[PDB]
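Peer 1:
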Amino acid sequence: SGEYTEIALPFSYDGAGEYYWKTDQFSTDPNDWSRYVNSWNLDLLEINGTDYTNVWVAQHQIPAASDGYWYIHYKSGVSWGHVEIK
Numbered sequence: 456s457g458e459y460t461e462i463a464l465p466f467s468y469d470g471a472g473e474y475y476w477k478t479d480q481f482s483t484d485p486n487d488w489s490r491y492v493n494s495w496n497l498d499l500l501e502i503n504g505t506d507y508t509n510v511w512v513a514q515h516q517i518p519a520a521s522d523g524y525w526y527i528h529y530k531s532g533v534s535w536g537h538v539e540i541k
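All letters in the sequence shown, in the order written, are residues 456 to 541 by PDB author numbering.
#1: What separation, rounded to the nearest whole angstrom, lies between the Cα atoms of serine 456 and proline 485?
#2: Would you list the residues sitting across from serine 494 in a DSSP beta bridge?
#3: Straight-line CA distance for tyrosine 459 to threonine 478?
#4: Tell me the DSSP bridge mates of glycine 472?
#5: Taking the C-alpha atoms as reference points, what is the distance between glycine 532 and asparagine 509?
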């Protein structure tokens with residue numbers, strides 16, 4: 456998969472299939488532990504070329520791209536597979 460679209464927060468994705476998406480609404484603040492990605496059923500989740508599928512990661516933890524936004528990648532294998540971003 457490839458060629459990202461913009462998304463809006465809070466975000467959620469479901470159902471067997473493979474994707475990219477982008478955003479710039481991600482908080483940068485060192486206080487913002489309550490804003491995160493987390494996954495359990497997904498075969499893959501990467502953000503700017505680091506894998507997090509079996510864990511959680513906060514938006515404030517990740518540096519932006521040079522053009523000023525974050526890249527997110529997802530893969531699902533199942534009809535019950537879902538994910539959530541704050």
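Beta carbons: idealized from backbone N, C-alpha and C, even for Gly.
Peer 2: Considering the structure as presented:
#1: 32 Å
#2: DSSP lists no partner for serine 494.
#3: Taking C-alpha positions only, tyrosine 459 is separated from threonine 478 by approximately 9 Å.
#4: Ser531, per the DSSP bridge assignment.
#5: Their Cα atoms are separated by approximately 15 Å.
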